[PDB]
**Student:** 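First the structure, which I've put down as structure tokens, then a few questions once you've had a look.
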Amino acid sequence: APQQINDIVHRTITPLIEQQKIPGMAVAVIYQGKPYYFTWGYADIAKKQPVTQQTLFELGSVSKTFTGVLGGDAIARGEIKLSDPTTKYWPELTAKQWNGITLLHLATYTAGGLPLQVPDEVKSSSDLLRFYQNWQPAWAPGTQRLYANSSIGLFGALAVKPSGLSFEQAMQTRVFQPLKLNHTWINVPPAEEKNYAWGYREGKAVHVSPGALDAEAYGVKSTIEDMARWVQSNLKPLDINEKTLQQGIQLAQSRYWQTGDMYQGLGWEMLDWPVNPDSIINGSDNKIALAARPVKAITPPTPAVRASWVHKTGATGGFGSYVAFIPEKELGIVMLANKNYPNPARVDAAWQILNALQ
Ligand SMILES: O=C(O)c1cccs1
Ligand SMILES: O=C(O)c1cccs1
Ligand SMILES: O=C(O)c1cccs1
Ligand SMILES: O=C(O)c1cccs1
Ligand SMILES: O=C(O)c1cccs1
Ligand SMILES: O=C(O)c1cccs1
């Protein structure tokens, strides 16, 4: 690799791993259409398996970027519209609070205060109807952003209905296959368990538990190589041969709402480049708190802006993830770790790395 990339990465991540006590980590720097990969430590501490470029990490909420792009692809295929009422795709959702609630609202956490998690007690389709029917919004739709797996989760399940496919089958055939993401899974197959890192929470090996709408919200597992290939796809969507996917990518990085310096996409979140990293490390958008934030409608949404810092953070109980990229500079980073560690620390490291290379 270029020494500059070697040097800044090792100098940023090595202290990070020490301070946060991360068992294993994988990083990709994507620069001018080329990836550069770094690994540290252990996928499996007990079996002394090292992190490699084929190690699978749980992405957590970075999964939502796939969901965003899959939904944007369904839009480009003419199957759904973000302006459509939720009840168009789920007519059994007859409770009156759902009047005015669109697929845009679900996709961007603006439905009016959908809760962070689908409850664990929700298992069947009947349970899921019951849960959504019985939810009472705090706010009118399109007024406040509150981050929620139950919001974008439902968006993901409804977006694929007209296709005829299960979410998993739609994602595989429409996003993973076309982009050649061959080591990216919603369900890790027995053949790949050898590559699947354990997460560590309080020093215990853990994997993400099954739950309603897990695939759509936090359930994707991937390797650093496939994740770099994902960053490259989102950095240069016009290089993509499949027209509805290329368009779906652009729809996912479009700006639908503003709060402070952040713009809400479909899965992806954006700031204007150059960025002052204080809001995303120290201030209102550092993700420490679950934050109800009034939003300004971007009417109509701004098409994907090249001069953006585009990012998404994710966690499961055992894992911490981060992806950020600047299409203008043809520059991106993926950071995958098998311990959940504070988001500000993730963003601080990413910023130091990309600010130095840009
Ligand atoms: O105005 C409305 O639709 C609402 C106010 C509070 C919950 S929904
Ligand atoms: O796998 C590949 O060719 C690439 C991943 C990121 C940029 S190019
Ligand atoms: O985007 C947000 O507000 C959050 C992501 C994770 C916790 S809060
Ligand atoms: O800049 C503005 O007017 C607003 C940001 C968030 C709600 S309104
Ligand atoms: O090339 C472009 O216009 C873009 C790449 C990513 C968002 S817009
Ligand atoms: O089991 C886990 O780690 C999680 C379940 C839902 C979000 S993370």
Side-chain angles (χ1 to χ4, degrees), residues 1 5 26-38 53-54 59-65 68 107-110 113-117 139 142-153 176 178-184 217-218 222-237 239-240 255-272 279-281 283-299 310-316 319-323 325 327 329-334 340-344 346-347:
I5 301 178
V27 174
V29 174
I30 301 88
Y31 172 68
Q32 306 195 160
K34 291 158 160 194
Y36 301 101
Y37 301 108
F38 307 86
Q53 293 159 211
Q54 314 307 319
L59 301 184
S61 294
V62 165
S63 309
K64 299 176 178 56
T65 68
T108 59
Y109 323 117
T110 47
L114 278 171
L116 174 61
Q117 303 103 347
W139 317 296
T143 61
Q144 301 215 49
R145 179 188 185 280
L146 188 75
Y147 189 72
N149 294 326
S150 73
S151 192
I152 192 171
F176 296 171
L179 296 172
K180 301 183 202 83
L181 310 189
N182 298 321
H183 296 98
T184 297
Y218 57 89
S222 195
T223 66
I224 200 70
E225 300 196 337
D226 275 9
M227 286 306 293
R229 188 150 187 91
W230 184 235
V231 169
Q232 187 56 212
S233 305
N234 286 265
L235 271 169
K236 254 174 133 200
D239 273 22
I240 298 169
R255 307 165 168 202
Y256 298 90
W257 309 92
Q258 195 183 358
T259 182
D261 297 331
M262 86 103 80
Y263 302 92
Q264 187 64 58
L266 315 172
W268 293 115
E269 293 159 25
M270 292 80 43
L271 293 80
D272 281 304
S279 66
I280 41 172
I281 297 165
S284 61
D285 193 38
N286 79 344
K287 318 297 182 177
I288 292 298
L290 194 60
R293 303 256 184 262
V295 283
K296 181 163 63 171
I298 303 303
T299 309
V310 195
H311 74 159
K312 185 67 184 86
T313 192
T316 61
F319 290 81
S321 276
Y322 190 75
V323 174
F325 59 96
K329 296 288 203 296
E330 298 181 307
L331 192 51
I333 197 177
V334 180
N340 187 8
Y341 63 107
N343 178 65
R346 291 172 205 169
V347 173

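Just so it is clear, the values below take in all heavy atoms, side chains as well, and ignore hydrogens, waters and symmetry mates. Positions are given from 1 along the sequence. For ligands, and for the atoms within them, numbers begin at 1 and follow the listed sequence.
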**Student:** Would you say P35 and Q232 make side-chain contact, with heavy atoms under 4.5 Å?
**Tutor:**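 Heavy-atom side-chain distance check fails, nothing below 4.5 Å.
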
**Student:** If I compare all heavy atoms of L271 with all of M262, which pair ends up nearest, and what's the gap?
**Tutor:**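 For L271 and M262, the tightest heavy-atom pair comes out as CG-CA, 4.4 Å.
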
**Student:** Which atoms of ligand 4 have any heavy atom of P294 under 4.0 Å away?
**Tutor:**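 Listed by number with element: 6 (C), 7 (C).
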
**Student:** Apply salt bridge (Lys or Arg N to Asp or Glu O under 4.0 Å) to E269 and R145, showing your working.
**Tutor:** CA-CA 12 Å; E269 293 159 25; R145 179 188 185 280; 3.0 Å; yes

**Student:** Going by the angle between their ring planes, with limits at 30° and 60°, are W268 and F325 parallel, tilted or perpendicular?
**Tutor:**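 Correct class here is perpendicular.
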
**Student:** Please confirm whether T313 comes within less than 3.5 Å of ligand 3 when only nitrogen or oxygen atoms on both sides are compared.
**Tutor:**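 In fact, backbone or side chain, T313 has no N or O that close.
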
**Student:** Looking only at side chains, do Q32 and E330 share a donor and an acceptor under 3.5 Å apart?
**Tutor:**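 No - no donor-acceptor pair under 3.5 Å links their side chains.
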
**Student:** Is any N or O atom of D285, backbone or side chain, closer than 3.5 Å to an N or O atom of ligand 3?
**Tutor:**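 Such a contact does not occur with ligand 3.
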
**Student:** Are there any N/O pairs under 3.5 Å between ligand 2 and the protein, and if so, what are their distances?
**Tutor:**
{"unit_1": "ligand 2", "atom_1": "3 (O)", "unit_2": "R229", "atom_2": "NH1", "d": "3.4"}

**Student:** With side-chain contact (heavy atoms from CB on, under 4.5 Å) as the test, would you mind laying out the steps for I30 and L331 before giving the verdict?
**Tutor:** CA-CA 6 Å; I30 301 88; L331 192 51; over 6 Å; no

**Student:** Taking distance alone, with no angle check, do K296 and ligand 4 share an N/O pair under 3.5 Å?
**Tutor:**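 Yes, since at least one N or O of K296 sits under 3.5 Å from an N or O of ligand 4.
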
**Student:** Apply side-chain contact (heavy atoms from CB on, under 4.5 Å) to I224 and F38, showing your working.
**Tutor:** CA-CA 9 Å; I224 200 70; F38 307 86; over 6 Å; no

**Student:** With the threshold set at under 4.0 angstrom, would you say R293 reaches ligand 3 through any of its heavy atoms?
**Tutor:**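 No.
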
**Student:** Are any non-hydrogen side-chain atoms of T110 and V295 less than 4.5 angstrom apart?
**Tutor:**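 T110 reaches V295 side chain to side chain.
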
